[PDB]
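Given next, in structure tokens, is a single chain: the form deposited in one PDB entry.
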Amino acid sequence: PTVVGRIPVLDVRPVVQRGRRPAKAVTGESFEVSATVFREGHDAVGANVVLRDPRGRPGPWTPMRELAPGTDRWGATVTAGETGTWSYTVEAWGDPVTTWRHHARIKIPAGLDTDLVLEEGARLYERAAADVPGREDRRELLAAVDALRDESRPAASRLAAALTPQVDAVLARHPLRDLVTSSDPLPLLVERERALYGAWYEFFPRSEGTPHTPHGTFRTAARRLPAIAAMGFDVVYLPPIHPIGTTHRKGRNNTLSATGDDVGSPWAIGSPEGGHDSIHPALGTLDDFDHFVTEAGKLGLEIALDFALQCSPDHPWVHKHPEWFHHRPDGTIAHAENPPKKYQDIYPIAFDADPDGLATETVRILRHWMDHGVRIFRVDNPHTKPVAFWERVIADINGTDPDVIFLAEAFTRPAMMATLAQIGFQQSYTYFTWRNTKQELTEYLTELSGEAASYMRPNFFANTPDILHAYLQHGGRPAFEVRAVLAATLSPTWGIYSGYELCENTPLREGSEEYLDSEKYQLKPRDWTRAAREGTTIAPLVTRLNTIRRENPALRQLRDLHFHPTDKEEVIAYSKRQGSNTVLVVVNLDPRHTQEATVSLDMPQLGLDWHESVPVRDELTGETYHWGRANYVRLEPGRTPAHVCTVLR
């Protein structure tokens, strides 16, 4: 048996790890299936994509087209439906009718063997009709056959009868396919909308306390939820909610020794009060948590818990499962590290003595929180645990609970970042915060929206508690407005960490991406009411961006994204499209100086002619404009970061 079929179909894409891991999509997401297809000789080929759902039912007739002349690369868009494991194949075939038409349209007007040519056509349309299931449709073709064979009409008339729009339509839906050859099926994992699309908000419950009780509880923290929902977020991500170790607890500003009532780092998990399946006592009880989750749920907010597979020296695991740690010759366990960062308050897990016990316990813990309504987990530093461990854990959980979403916080090298997504992580943190110039953004988003979109779904946090980028530090509020627009419009999932709205941008020191007085090591109460009254919050802009996202399907997908050229280095322009919805964004990346630019739109990329001019509405202001192949923009930092326009019909 041969590797290549009768009509060659090769290199079907997308493909992940040569077909051993599934490509990814979510419900309603479109993406391109492509292949290299050609045949021997000079005649025509056709091709089509067969997408099969988890029960094996094929989707609609989905013909492909050659994507560029002379390349033999064919593609078609398919759209993912219900969640589950799908498969797709590419079918290739000889296309004799197209070939016959090409020749017939030439030889008949030249009077060359017209009777032979027309009879050959009749025979083709007959074979075509044989496979047409609808009775009026076969009759349409047989009428063409009979007209083709009618020697009493002029040849040109005989041919025209085979080329009518009604014949074309039957053949469009039921073409005559010679020597149909199929690729081997490739797997597709379709997951729920939220895996691709959502707005995230991170905050520390303990910071939302009272004058009398500064350490917030789930009961008090629940008060922030309406404000978070009102800003248009969908997911609330909480730092670890478990007891915190006392041994080597870190003090304020990441100092080595905690003093007094210092609350320590939430990531330093575990004490006699309990481990990863328990609640920090100052946060309250499990019932309080349930209350928080229920209240979050009523406002359209899902909870994402941090899962940080590591232990303070006081975690129960240290004595219950010593073999889950690497011990030095004197029995001590070296603290964890992420060079040059040091985590003196914690132990790393060792995986090679009892990998099974660790997997069993990990999925037990996850299922515990899942039983209490948590269907999303933000996994802390997954790249310092074995890759196959996450592969196994995620497969175990999604096997029983496929809706659970895992988000990889892996700020590391590209191979590891990609592999984690490929072995099952639904979402990935990305290099976004370190992409701030037009070139960086353009290059990086081209990567994320390109081939990588086949296994990775990016979550654009404009800040995190560990990342206050120099761009925000130097740019102030105008920089925050810019990054929110970018994050919100370039990825269907974005997030901010509480305080971003207030443009908090004081670094620990010059050259650091840490916050001064970081919330990681201390309660950080915020005057939300005053900022609202004094207009010193960009919460309304954040709110508008999420509203715009909620109203424009184009911003709820990733793969359709195109950058349009501008004549200023500081001004970036791009469009995203989903069906009839087109959003075009123009952003001034300069947070300090007004920039004027001409934006030259790739009109055909927008589905338009070059001379054409179209109505747009700037969704940030309500202004209406008419934009064409060359558009003037003037963006003044502080007054306006960007135009976020929808194309009006």
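Start at 1 with the first residue shown and count on from there. Only the largest set of C-alpha atoms that superpose within 1.5 Å between the two forms is called the rigid core.
Just so it is clear, the following notes concern the form deposited in another entry, a form of the same protein that is not shown.
Core-based superposition between the shown form and the other one shows that, of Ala532, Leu286, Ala160, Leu516, only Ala160 has its Cα displaced by 2 Å or more. With the core held fixed between the shown form and the other one, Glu140 has its Cα displaced by at least 2 Å. Remark: with the core as the superposition reference, the CA shift of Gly111 between the shown form and the other one reaches 2 Å or more. After superposing the rigid core, the Cα of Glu323 is displaced by less than 2 Å between the shown form and the other one.
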